[PDB]
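Comments concern the structure below.
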2 protein chains.
Amino acid sequence: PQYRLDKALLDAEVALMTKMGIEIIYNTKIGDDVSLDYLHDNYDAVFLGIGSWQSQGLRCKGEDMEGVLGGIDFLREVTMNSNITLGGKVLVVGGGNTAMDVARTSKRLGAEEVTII
Amino acid sequence: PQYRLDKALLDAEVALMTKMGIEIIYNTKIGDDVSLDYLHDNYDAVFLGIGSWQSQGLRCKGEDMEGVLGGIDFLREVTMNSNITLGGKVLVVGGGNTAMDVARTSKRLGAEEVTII
Ligand SMILES: NC(=O)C1=CN([C@@H]2O[C@H](COP(=O)(O)OP(=O)(O)OC[C@H]3O[C@@H](n4cnc5c(N)ncnc54)[C@H](OP(=O)(O)O)[C@@H]3O)[C@@H](O)[C@H]2O)C=CC1
Ligand SMILES: NC(=O)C1=CN([C@@H]2O[C@H](COP(=O)(O)OP(=O)(O)OC[C@H]3O[C@@H](n4cnc5c(N)ncnc54)[C@H](OP(=O)(O)O)[C@@H]3O)[C@@H](O)[C@H]2O)C=CC1
């Protein structure tokens, strides 16, 4: 979240790094926009740092109903200044750092009462 | 074929054109390496000049047997200085300009007798 890490610091550091001669191409998803065979043919080496960008579901009955959303997706829409819906009462399921970030961002986003399960 | 069009002329003209500020990216097949949705998102317009790059088959019995090859593929392997096999006797089926180019390139490539059907 923004209150813990300022994005201006991150942007300034990446600008410092790209001054060194590293080219960053945004909005390019490998396998969906550009093949991996293309990168394999055109480059002397390939490194995959894709990360873990899926959210585990509730693993319960009715987990597919409307009104249930993952924590990672929620934080991504918060970051991109998109249009979200929260409501007065929000229940966050989990106990790691994702749950803490979701709960505190929800408290900042006008949720009147937030409870962690 | 090279004896009718010199490739040095074509290369010099394309160099003249690319001096004007046009970037040409080689070895990039759209739909196989780069998606068309990528170009649709990243560019203000897209023009498709892909051409007709398939050869019609013989439409006869045994057309899939080894030893039968298309004219376009044959001319492409001649151009790329690849390793081909012809033999003493070659039969070219067709009557257009593709047949003429194939027959004359075959006469230059050591075929002792070439016949056009
Ligand atoms: N990379 C990071 O920053 C770290 C991740 N986290 C937390 O862990 C998550 C992912 O890492 P990892 O620890 O491997 O993930 P886990 O699969 O271990 O899940 C982590 C959290 O969810 C609980 N949990 C998992 N499955 C269920 C289920 N069916 N029902 C109820 N609770 C469940 C765990 O509690 P329990 O203690 O009982 O296992 C814990 O609170 C993050 O989303 C975050 O919440 C926390 C610290 C470091
Ligand atoms: N772009 C170019 O440069 C032009 C193309 N060509 C010729 O035409 C071809 C492609 O253009 P297009 O004319 O539309 O192609 P076509 O499908 O009309 O075929 C052209 C040639 O093949 C003959 N042919 C077609 N199908 C069969 C079959 N089953 N059996 C035997 N002969 C057949 C035609 O003779 P028929 O006279 O009886 O139709 C003609 O010689 C080229 O490969 C080339 O050979 C020639 C001039 C211009």
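Going by the structure tokens order, chains are called A, B, ..., each with residues numbered from 1, while ligands are numbered from 1 in the order shown.
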
Superposed chain B (ref. Chain A, all C-alpha pairs in order) as a compact mmCIF listing (two decimals) with N, CA, C and O atoms, in the first residue's frame:
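As a result, out26.txt now contains:
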```
# COMPACT_ATOMS: atom_id res chain seq x y z
N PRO B 1 0.82 -1.21 0.00
CA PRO B 1 0.00 0.00 0.00
C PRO B 1 0.85 1.26 0.00
O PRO B 1 2.02 1.25 0.38
N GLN B 2 0.23 2.35 -0.45
CA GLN B 2 0.95 3.60 -0.65
C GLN B 2 1.45 4.19 0.67
O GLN B 2 2.54 4.78 0.72
N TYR B 3 0.69 4.02 1.75
CA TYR B 3 1.09 4.61 3.02
C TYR B 3 2.32 3.95 3.61
O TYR B 3 2.97 4.54 4.48
N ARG B 4 2.66 2.74 3.17
CA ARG B 4 3.85 2.05 3.64
C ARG B 4 5.04 2.20 2.70
O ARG B 4 6.18 2.28 3.16
N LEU B 5 4.79 2.22 1.39
CA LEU B 5 5.82 2.45 0.39
C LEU B 5 5.34 3.53 -0.56
O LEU B 5 4.31 3.36 -1.22
N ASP B 6 6.08 4.63 -0.62
CA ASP B 6 5.77 5.67 -1.58
C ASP B 6 6.19 5.23 -2.98
O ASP B 6 7.29 4.69 -3.16
N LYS B 7 5.31 5.43 -3.96
CA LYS B 7 5.64 5.03 -5.32
C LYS B 7 6.59 6.01 -6.01
O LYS B 7 7.18 5.65 -7.03
N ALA B 8 6.74 7.22 -5.46
CA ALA B 8 7.72 8.16 -6.00
C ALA B 8 9.14 7.65 -5.81
O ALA B 8 9.99 7.80 -6.70
N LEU B 9 9.42 7.04 -4.66
CA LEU B 9 10.73 6.45 -4.41
C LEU B 9 11.01 5.35 -5.41
O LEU B 9 12.07 5.32 -6.00
N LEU B 10 10.03 4.47 -5.64
CA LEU B 10 10.21 3.35 -6.56
C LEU B 10 10.43 3.84 -7.99
O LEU B 10 11.30 3.32 -8.71
N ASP B 11 9.66 4.85 -8.40
CA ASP B 11 9.83 5.41 -9.74
C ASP B 11 11.20 6.07 -9.90
O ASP B 11 11.84 5.92 -10.95
N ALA B 12 11.66 6.79 -8.87
CA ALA B 12 12.97 7.44 -8.96
C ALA B 12 14.10 6.41 -9.04
O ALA B 12 15.05 6.59 -9.82
N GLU B 13 14.01 5.33 -8.26
CA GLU B 13 15.02 4.28 -8.34
C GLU B 13 15.03 3.60 -9.70
O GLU B 13 16.10 3.31 -10.24
N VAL B 14 13.85 3.32 -10.25
CA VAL B 14 13.82 2.66 -11.56
C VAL B 14 14.35 3.60 -12.64
O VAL B 14 15.00 3.16 -13.59
N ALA B 15 14.09 4.90 -12.51
CA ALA B 15 14.67 5.87 -13.45
C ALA B 15 16.19 5.88 -13.35
O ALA B 15 16.89 5.95 -14.37
N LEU B 16 16.72 5.80 -12.13
CA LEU B 16 18.17 5.71 -11.95
C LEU B 16 18.73 4.46 -12.62
O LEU B 16 19.79 4.51 -13.25
N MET B 17 18.02 3.34 -12.49
CA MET B 17 18.48 2.10 -13.11
C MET B 17 18.41 2.16 -14.63
O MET B 17 19.32 1.68 -15.32
N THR B 18 17.35 2.76 -15.18
CA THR B 18 17.21 2.84 -16.63
C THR B 18 18.13 3.88 -17.25
O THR B 18 18.30 3.89 -18.48
N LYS B 19 18.72 4.77 -16.44
CA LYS B 19 19.78 5.63 -16.96
C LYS B 19 21.02 4.83 -17.33
O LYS B 19 21.79 5.25 -18.20
N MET B 20 21.22 3.66 -16.71
CA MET B 20 22.39 2.83 -16.95
C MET B 20 22.37 2.12 -18.30
O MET B 20 23.40 1.55 -18.69
N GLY B 21 21.25 2.12 -19.00
CA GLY B 21 21.16 1.47 -20.29
C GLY B 21 20.27 0.25 -20.34
O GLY B 21 20.47 -0.60 -21.23
N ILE B 22 19.31 0.12 -19.43
CA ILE B 22 18.38 -1.00 -19.43
C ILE B 22 17.06 -0.53 -20.01
O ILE B 22 16.50 0.48 -19.56
N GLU B 23 16.57 -1.24 -21.02
CA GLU B 23 15.32 -0.89 -21.68
C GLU B 23 14.19 -1.71 -21.09
O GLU B 23 14.29 -2.94 -21.01
N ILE B 24 13.13 -1.04 -20.66
CA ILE B 24 11.96 -1.69 -20.08
C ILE B 24 10.78 -1.46 -21.01
O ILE B 24 10.46 -0.31 -21.34
N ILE B 25 10.15 -2.54 -21.44
CA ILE B 25 9.02 -2.49 -22.36
C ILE B 25 7.78 -2.88 -21.58
O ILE B 25 7.63 -4.03 -21.15
N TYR B 26 6.88 -1.92 -21.39
CA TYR B 26 5.69 -2.12 -20.59
C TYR B 26 4.54 -2.63 -21.45
O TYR B 26 4.59 -2.60 -22.68
N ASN B 27 3.50 -3.12 -20.76
CA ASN B 27 2.27 -3.61 -21.39
C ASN B 27 2.54 -4.74 -22.38
O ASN B 27 1.87 -4.85 -23.41
N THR B 28 3.51 -5.60 -22.07
CA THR B 28 3.88 -6.72 -22.93
C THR B 28 3.87 -7.99 -22.10
O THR B 28 4.79 -8.24 -21.32
N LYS B 29 2.84 -8.81 -22.28
CA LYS B 29 2.71 -10.06 -21.54
C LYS B 29 3.24 -11.20 -22.39
O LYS B 29 2.71 -11.47 -23.48
N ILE B 30 4.28 -11.88 -21.90
CA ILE B 30 4.90 -12.97 -22.64
C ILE B 30 3.98 -14.18 -22.60
O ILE B 30 3.51 -14.60 -21.54
N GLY B 31 3.73 -14.77 -23.78
CA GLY B 31 2.83 -15.88 -23.93
C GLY B 31 1.44 -15.46 -24.35
O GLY B 31 0.71 -16.26 -24.95
N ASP B 32 1.06 -14.22 -24.05
CA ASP B 32 -0.22 -13.66 -24.46
C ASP B 32 -0.09 -12.63 -25.57
O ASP B 32 -0.98 -12.53 -26.41
N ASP B 33 1.00 -11.87 -25.58
CA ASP B 33 1.27 -10.87 -26.61
C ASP B 33 2.50 -11.22 -27.44
O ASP B 33 2.45 -11.15 -28.67
N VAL B 34 3.59 -11.59 -26.79
CA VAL B 34 4.82 -12.00 -27.44
C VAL B 34 5.13 -13.42 -26.99
O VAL B 34 5.05 -13.73 -25.80
N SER B 35 5.46 -14.29 -27.95
CA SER B 35 5.76 -15.67 -27.62
C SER B 35 7.09 -15.77 -26.88
O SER B 35 7.93 -14.87 -26.94
N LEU B 36 7.26 -16.88 -26.15
CA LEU B 36 8.57 -17.16 -25.56
C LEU B 36 9.55 -17.70 -26.59
O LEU B 36 10.76 -17.56 -26.40
N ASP B 37 9.06 -18.33 -27.67
CA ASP B 37 9.95 -18.77 -28.73
C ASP B 37 10.60 -17.59 -29.44
O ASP B 37 11.75 -17.69 -29.88
N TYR B 38 9.89 -16.47 -29.55
CA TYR B 38 10.46 -15.25 -30.11
C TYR B 38 11.65 -14.76 -29.28
O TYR B 38 12.71 -14.43 -29.83
N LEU B 39 11.48 -14.72 -27.96
CA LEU B 39 12.57 -14.31 -27.08
C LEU B 39 13.70 -15.32 -27.08
O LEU B 39 14.87 -14.96 -26.95
N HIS B 40 13.36 -16.61 -27.20
CA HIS B 40 14.37 -17.65 -27.26
C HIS B 40 15.23 -17.50 -28.51
O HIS B 40 16.46 -17.68 -28.45
N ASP B 41 14.61 -17.18 -29.64
CA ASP B 41 15.36 -17.03 -30.88
C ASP B 41 16.16 -15.74 -30.92
O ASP B 41 17.28 -15.71 -31.45
N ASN B 42 15.62 -14.65 -30.37
CA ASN B 42 16.24 -13.35 -30.57
C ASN B 42 17.24 -12.94 -29.49
O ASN B 42 17.90 -11.91 -29.66
N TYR B 43 17.38 -13.70 -28.41
CA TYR B 43 18.21 -13.28 -27.29
C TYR B 43 19.15 -14.39 -26.86
O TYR B 43 18.85 -15.58 -27.03
N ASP B 44 20.29 -14.00 -26.30
CA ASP B 44 21.28 -14.97 -25.85
C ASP B 44 20.90 -15.64 -24.54
O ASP B 44 21.42 -16.73 -24.26
N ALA B 45 20.05 -15.02 -23.72
CA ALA B 45 19.53 -15.72 -22.55
C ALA B 45 18.18 -15.12 -22.16
O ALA B 45 17.88 -13.98 -22.52
N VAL B 46 17.38 -15.90 -21.43
CA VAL B 46 16.07 -15.48 -20.97
C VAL B 46 15.95 -15.80 -19.48
O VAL B 46 16.29 -16.91 -19.06
N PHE B 47 15.48 -14.83 -18.70
CA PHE B 47 15.24 -15.01 -17.27
C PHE B 47 13.77 -14.74 -16.99
O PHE B 47 13.21 -13.76 -17.48
N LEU B 48 13.13 -15.63 -16.21
CA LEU B 48 11.70 -15.55 -15.93
C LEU B 48 11.49 -15.19 -14.46
O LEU B 48 11.70 -16.03 -13.58
N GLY B 49 11.07 -13.96 -14.21
CA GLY B 49 10.79 -13.48 -12.87
C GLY B 49 9.33 -13.11 -12.69
O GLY B 49 9.02 -12.05 -12.16
N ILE B 50 8.43 -13.98 -13.17
CA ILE B 50 7.03 -13.62 -13.33
C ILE B 50 6.30 -13.46 -11.99
O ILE B 50 5.29 -12.76 -11.92
N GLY B 51 6.77 -14.11 -10.93
CA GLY B 51 6.14 -13.97 -9.63
C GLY B 51 4.87 -14.78 -9.51
O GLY B 51 4.44 -15.48 -10.42
N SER B 52 4.24 -14.68 -8.34
CA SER B 52 3.02 -15.42 -8.02
C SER B 52 1.85 -14.45 -7.99
O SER B 52 1.63 -13.77 -6.98
N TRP B 53 1.08 -14.41 -9.08
CA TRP B 53 0.06 -13.39 -9.30
C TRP B 53 -1.32 -14.00 -9.41
O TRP B 53 -2.14 -13.59 -10.24
N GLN B 54 -1.61 -15.00 -8.58
CA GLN B 54 -2.95 -15.53 -8.42
C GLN B 54 -3.32 -15.52 -6.95
O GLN B 54 -2.45 -15.58 -6.08
N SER B 55 -4.61 -15.46 -6.68
CA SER B 55 -5.13 -15.46 -5.32
C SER B 55 -5.86 -16.76 -5.07
O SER B 55 -6.64 -17.22 -5.91
N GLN B 56 -5.60 -17.37 -3.92
CA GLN B 56 -6.33 -18.57 -3.52
C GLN B 56 -7.77 -18.22 -3.17
O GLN B 56 -8.04 -17.18 -2.56
N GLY B 57 -8.69 -19.10 -3.55
CA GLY B 57 -10.09 -18.90 -3.23
C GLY B 57 -10.43 -19.33 -1.82
O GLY B 57 -9.60 -19.85 -1.08
N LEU B 58 -11.69 -19.10 -1.45
CA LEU B 58 -12.13 -19.42 -0.10
C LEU B 58 -12.20 -20.92 0.17
O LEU B 58 -12.17 -21.31 1.34
N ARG B 59 -12.28 -21.74 -0.88
CA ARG B 59 -12.43 -23.20 -0.75
C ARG B 59 -13.64 -23.56 0.10
O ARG B 59 -13.57 -24.40 1.00
N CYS B 60 -14.77 -22.92 -0.18
CA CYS B 60 -15.99 -23.13 0.58
C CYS B 60 -17.18 -23.12 -0.37
O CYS B 60 -17.05 -22.84 -1.57
N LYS B 61 -18.35 -23.45 0.17
CA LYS B 61 -19.58 -23.44 -0.62
C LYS B 61 -19.98 -22.00 -0.94
O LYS B 61 -20.00 -21.14 -0.06
N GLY B 62 -20.32 -21.76 -2.21
CA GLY B 62 -20.70 -20.42 -2.62
C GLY B 62 -19.56 -19.45 -2.80
O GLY B 62 -19.79 -18.24 -2.77
N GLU B 63 -18.34 -19.94 -2.99
CA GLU B 63 -17.19 -19.05 -3.18
C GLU B 63 -17.23 -18.32 -4.51
O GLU B 63 -16.50 -17.34 -4.69
N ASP B 64 -18.05 -18.78 -5.45
CA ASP B 64 -18.13 -18.19 -6.78
C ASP B 64 -19.21 -17.13 -6.89
O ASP B 64 -19.43 -16.60 -7.98
N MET B 65 -19.89 -16.81 -5.79
CA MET B 65 -20.99 -15.86 -5.82
C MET B 65 -20.47 -14.44 -6.00
O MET B 65 -19.33 -14.12 -5.66
N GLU B 66 -21.31 -13.59 -6.57
CA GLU B 66 -20.96 -12.19 -6.74
C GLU B 66 -20.91 -11.49 -5.39
O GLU B 66 -21.77 -11.71 -4.53
N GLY B 67 -19.91 -10.64 -5.21
CA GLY B 67 -19.65 -10.00 -3.94
C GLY B 67 -18.47 -10.55 -3.18
O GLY B 67 -18.17 -10.06 -2.09
N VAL B 68 -17.79 -11.56 -3.72
CA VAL B 68 -16.57 -12.11 -3.14
C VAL B 68 -15.44 -11.85 -4.12
O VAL B 68 -15.54 -12.20 -5.31
N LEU B 69 -14.37 -11.22 -3.65
CA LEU B 69 -13.24 -10.89 -4.51
C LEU B 69 -11.94 -11.19 -3.80
O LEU B 69 -11.86 -11.17 -2.57
N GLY B 70 -10.90 -11.49 -4.59
CA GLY B 70 -9.61 -11.82 -4.02
C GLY B 70 -8.87 -10.59 -3.53
O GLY B 70 -9.11 -9.46 -3.95
N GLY B 71 -7.95 -10.83 -2.59
CA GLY B 71 -7.20 -9.73 -2.00
C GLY B 71 -6.23 -9.08 -2.97
O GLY B 71 -6.09 -7.85 -2.98
N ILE B 72 -5.55 -9.89 -3.79
CA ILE B 72 -4.59 -9.36 -4.74
C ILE B 72 -5.28 -8.50 -5.79
O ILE B 72 -4.81 -7.41 -6.13
N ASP B 73 -6.42 -8.97 -6.30
CA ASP B 73 -7.18 -8.19 -7.27
C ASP B 73 -7.67 -6.89 -6.66
O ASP B 73 -7.61 -5.84 -7.30
N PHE B 74 -8.14 -6.94 -5.41
CA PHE B 74 -8.60 -5.74 -4.73
C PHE B 74 -7.48 -4.71 -4.59
O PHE B 74 -7.67 -3.52 -4.86
N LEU B 75 -6.29 -5.17 -4.18
CA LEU B 75 -5.17 -4.25 -4.01
C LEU B 75 -4.71 -3.68 -5.34
O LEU B 75 -4.30 -2.51 -5.42
N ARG B 76 -4.77 -4.49 -6.40
CA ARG B 76 -4.41 -4.00 -7.73
C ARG B 76 -5.38 -2.93 -8.22
O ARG B 76 -4.95 -1.93 -8.80
N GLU B 77 -6.68 -3.12 -8.01
CA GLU B 77 -7.62 -2.07 -8.41
C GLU B 77 -7.50 -0.83 -7.54
O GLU B 77 -7.76 0.28 -8.02
N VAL B 78 -7.14 -0.98 -6.26
CA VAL B 78 -6.87 0.20 -5.44
C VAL B 78 -5.70 0.98 -6.01
O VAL B 78 -5.75 2.21 -6.12
N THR B 79 -4.64 0.28 -6.40
CA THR B 79 -3.43 0.95 -6.87
C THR B 79 -3.66 1.69 -8.18
O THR B 79 -3.17 2.81 -8.37
N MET B 80 -4.42 1.10 -9.10
CA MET B 80 -4.64 1.70 -10.41
C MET B 80 -5.71 2.78 -10.42
O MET B 80 -6.09 3.22 -11.51
N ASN B 81 -6.20 3.19 -9.25
CA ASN B 81 -7.20 4.25 -9.12
C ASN B 81 -8.47 3.92 -9.90
O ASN B 81 -9.10 4.80 -10.49
N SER B 82 -8.84 2.65 -9.90
CA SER B 82 -10.01 2.19 -10.63
C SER B 82 -11.26 2.37 -9.77
O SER B 82 -11.19 2.82 -8.62
N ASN B 83 -12.41 2.04 -10.33
CA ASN B 83 -13.68 2.18 -9.62
C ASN B 83 -14.02 0.88 -8.91
O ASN B 83 -14.20 -0.16 -9.56
N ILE B 84 -14.10 0.93 -7.59
CA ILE B 84 -14.34 -0.24 -6.76
C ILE B 84 -15.64 -0.03 -6.00
O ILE B 84 -16.19 1.08 -5.95
N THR B 85 -16.14 -1.11 -5.41
CA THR B 85 -17.27 -1.07 -4.50
C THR B 85 -16.92 -1.86 -3.24
O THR B 85 -16.36 -2.97 -3.31
N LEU B 86 -17.17 -1.26 -2.09
CA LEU B 86 -16.84 -1.90 -0.82
C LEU B 86 -18.05 -2.10 0.07
O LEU B 86 -18.29 -3.22 0.54
N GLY B 87 -18.83 -1.06 0.32
CA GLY B 87 -19.92 -1.13 1.27
C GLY B 87 -19.48 -0.78 2.68
O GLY B 87 -18.30 -0.53 2.97
N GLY B 88 -20.46 -0.73 3.58
CA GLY B 88 -20.18 -0.36 4.95
C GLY B 88 -19.38 -1.41 5.70
O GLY B 88 -18.45 -1.08 6.45
N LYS B 89 -19.71 -2.68 5.51
CA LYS B 89 -19.12 -3.77 6.27
C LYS B 89 -18.36 -4.71 5.34
O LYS B 89 -18.91 -5.19 4.33
N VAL B 90 -17.11 -4.99 5.68
CA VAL B 90 -16.24 -5.83 4.88
C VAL B 90 -15.57 -6.86 5.79
O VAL B 90 -15.08 -6.53 6.87
N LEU B 91 -15.60 -8.12 5.36
CA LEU B 91 -15.00 -9.23 6.08
C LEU B 91 -13.78 -9.72 5.31
O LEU B 91 -13.91 -10.17 4.16
N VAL B 92 -12.61 -9.66 5.93
CA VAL B 92 -11.37 -10.10 5.31
C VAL B 92 -10.99 -11.45 5.90
O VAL B 92 -10.86 -11.58 7.13
N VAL B 93 -10.81 -12.44 5.04
CA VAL B 93 -10.49 -13.80 5.46
C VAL B 93 -9.00 -14.03 5.23
O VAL B 93 -8.52 -13.88 4.10
N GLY B 94 -8.29 -14.40 6.29
CA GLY B 94 -6.85 -14.61 6.20
C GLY B 94 -6.11 -13.99 7.36
O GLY B 94 -6.71 -13.25 8.16
N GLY B 95 -4.81 -14.26 7.48
CA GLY B 95 -4.06 -13.76 8.61
C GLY B 95 -2.64 -13.32 8.30
O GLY B 95 -1.91 -12.92 9.21
N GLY B 96 -2.25 -13.37 7.04
CA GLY B 96 -0.91 -12.98 6.64
C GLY B 96 -0.79 -11.48 6.45
O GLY B 96 -1.58 -10.69 6.99
N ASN B 97 0.21 -11.08 5.67
CA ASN B 97 0.37 -9.66 5.38
C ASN B 97 -0.62 -9.17 4.34
O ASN B 97 -0.96 -7.98 4.33
N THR B 98 -1.09 -10.06 3.46
CA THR B 98 -2.14 -9.68 2.51
C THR B 98 -3.41 -9.27 3.24
O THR B 98 -4.05 -8.28 2.87
N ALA B 99 -3.78 -10.02 4.28
CA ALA B 99 -4.97 -9.68 5.05
C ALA B 99 -4.80 -8.35 5.77
O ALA B 99 -5.74 -7.54 5.82
N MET B 100 -3.61 -8.09 6.33
CA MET B 100 -3.37 -6.81 7.00
C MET B 100 -3.45 -5.64 6.03
O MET B 100 -4.08 -4.62 6.34
N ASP B 101 -2.83 -5.77 4.86
CA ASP B 101 -2.88 -4.70 3.87
C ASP B 101 -4.30 -4.46 3.38
O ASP B 101 -4.73 -3.31 3.24
N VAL B 102 -5.05 -5.54 3.14
CA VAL B 102 -6.43 -5.39 2.68
C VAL B 102 -7.28 -4.71 3.76
O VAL B 102 -8.06 -3.80 3.46
N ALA B 103 -7.11 -5.12 5.02
CA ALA B 103 -7.92 -4.56 6.09
C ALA B 103 -7.62 -3.08 6.32
O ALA B 103 -8.53 -2.27 6.51
N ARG B 104 -6.34 -2.70 6.29
CA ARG B 104 -6.02 -1.30 6.53
C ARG B 104 -6.38 -0.42 5.34
O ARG B 104 -6.85 0.72 5.53
N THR B 105 -6.20 -0.91 4.11
CA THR B 105 -6.65 -0.17 2.94
C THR B 105 -8.17 -0.02 2.95
O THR B 105 -8.70 1.02 2.52
N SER B 106 -8.88 -1.03 3.43
CA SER B 106 -10.33 -0.93 3.54
C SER B 106 -10.73 0.11 4.58
O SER B 106 -11.71 0.84 4.39
N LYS B 107 -10.00 0.18 5.70
CA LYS B 107 -10.29 1.21 6.69
C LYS B 107 -10.07 2.60 6.11
O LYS B 107 -10.80 3.54 6.44
N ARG B 108 -9.06 2.75 5.25
CA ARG B 108 -8.85 4.04 4.62
C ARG B 108 -9.85 4.34 3.52
O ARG B 108 -10.07 5.52 3.20
N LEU B 109 -10.48 3.33 2.93
CA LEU B 109 -11.40 3.52 1.80
C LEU B 109 -12.85 3.64 2.25
O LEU B 109 -13.76 3.30 1.49
N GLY B 110 -13.08 4.12 3.46
CA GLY B 110 -14.42 4.45 3.90
C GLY B 110 -15.25 3.32 4.46
O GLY B 110 -16.45 3.51 4.69
N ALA B 111 -14.67 2.14 4.67
CA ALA B 111 -15.41 1.07 5.31
C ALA B 111 -15.57 1.37 6.79
O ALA B 111 -14.59 1.64 7.49
N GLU B 112 -16.81 1.33 7.27
CA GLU B 112 -17.07 1.78 8.64
C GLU B 112 -16.63 0.74 9.66
O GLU B 112 -16.17 1.10 10.75
N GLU B 113 -16.75 -0.54 9.34
CA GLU B 113 -16.26 -1.58 10.24
C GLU B 113 -15.64 -2.71 9.44
O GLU B 113 -16.27 -3.26 8.53
N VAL B 114 -14.40 -3.05 9.78
CA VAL B 114 -13.63 -4.10 9.12
C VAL B 114 -13.31 -5.16 10.16
O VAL B 114 -12.85 -4.83 11.26
N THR B 115 -13.56 -6.42 9.82
CA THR B 115 -13.29 -7.53 10.71
C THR B 115 -12.46 -8.57 9.97
O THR B 115 -12.70 -8.84 8.79
N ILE B 116 -11.48 -9.15 10.66
CA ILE B 116 -10.60 -10.15 10.09
C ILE B 116 -10.97 -11.51 10.66
O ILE B 116 -11.02 -11.70 11.88
N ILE B 117 -11.22 -12.47 9.77
CA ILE B 117 -11.65 -13.82 10.14
C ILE B 117 -10.44 -14.73 10.02
O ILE B 117 -9.95 -14.99 8.91
```

For this session: If you run DSSP over the backbone, which residues in region 15-114 of chain B end up alpha helix (DSSP H)? Put them as a PyMOL selection string.
Result: chain B and resi 15-19+36-42+71-79+97-108

Keeping only C-alpha atoms, take the residues you just selected and write them out as a PDB file, in the first residue's frame.
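And here's result00.pdb as it stands now:
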```
ATOM      1  CA  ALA B  15      18.140   1.230 -47.516  1.00  0.00           C
ATOM      2  CA  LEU B  16      17.145   4.504 -49.181  1.00  0.00           C
ATOM      3  CA  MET B  17      13.624   4.109 -47.805  1.00  0.00           C
ATOM      4  CA  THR B  18      14.809   3.267 -44.275  1.00  0.00           C
ATOM      5  CA  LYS B  19      16.985   6.386 -44.274  1.00  0.00           C
ATOM      6  CA  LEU B  36      -2.337  -8.845 -33.603  1.00  0.00           C
ATOM      7  CA  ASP B  37      -4.036  -7.627 -30.410  1.00  0.00           C
ATOM      8  CA  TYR B  38      -0.644  -6.286 -29.297  1.00  0.00           C
ATOM      9  CA  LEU B  39      -0.345  -4.233 -32.491  1.00  0.00           C
ATOM     10  CA  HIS B  40      -3.985  -3.175 -32.189  1.00  0.00           C
ATOM     11  CA  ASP B  41      -3.406  -1.846 -28.672  1.00  0.00           C
ATOM     12  CA  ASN B  42      -0.024  -0.214 -29.268  1.00  0.00           C
ATOM     13  CA  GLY B  71       7.089 -24.181 -56.729  1.00  0.00           C
ATOM     14  CA  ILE B  72       7.029 -21.374 -54.160  1.00  0.00           C
ATOM     15  CA  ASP B  73       8.863 -23.480 -51.579  1.00  0.00           C
ATOM     16  CA  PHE B  74      11.432 -24.508 -54.200  1.00  0.00           C
ATOM     17  CA  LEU B  75      12.100 -20.898 -55.201  1.00  0.00           C
ATOM     18  CA  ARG B  76      12.374 -19.854 -51.551  1.00  0.00           C
ATOM     19  CA  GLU B  77      14.989 -22.528 -50.825  1.00  0.00           C
ATOM     20  CA  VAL B  78      16.876 -21.512 -53.976  1.00  0.00           C
ATOM     21  CA  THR B  79      16.936 -17.897 -52.782  1.00  0.00           C
ATOM     22  CA  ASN B  97       5.124 -17.275 -64.496  1.00  0.00           C
ATOM     23  CA  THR B  98       5.802 -19.532 -61.498  1.00  0.00           C
ATOM     24  CA  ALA B  99       6.282 -22.459 -63.882  1.00  0.00           C
ATOM     25  CA  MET B 100       8.626 -20.423 -66.095  1.00  0.00           C
ATOM     26  CA  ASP B 101      10.746 -19.281 -63.143  1.00  0.00           C
ATOM     27  CA  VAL B 102      10.908 -22.813 -61.725  1.00  0.00           C
ATOM     28  CA  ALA B 103      11.862 -24.313 -65.098  1.00  0.00           C
ATOM     29  CA  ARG B 104      14.600 -21.789 -65.849  1.00  0.00           C
ATOM     30  CA  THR B 105      16.033 -21.928 -62.316  1.00  0.00           C
ATOM     31  CA  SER B 106      16.058 -25.717 -62.667  1.00  0.00           C
ATOM     32  CA  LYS B 107      17.969 -25.430 -65.946  1.00  0.00           C
ATOM     33  CA  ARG B 108      20.523 -23.277 -64.141  1.00  0.00           C
TER      34      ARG B 108
END
```

Problem set entry | Which of chain A DSSP labels strand (DSSP E), written as a PyMOL selection string | chain A and resi 89-92+113-116
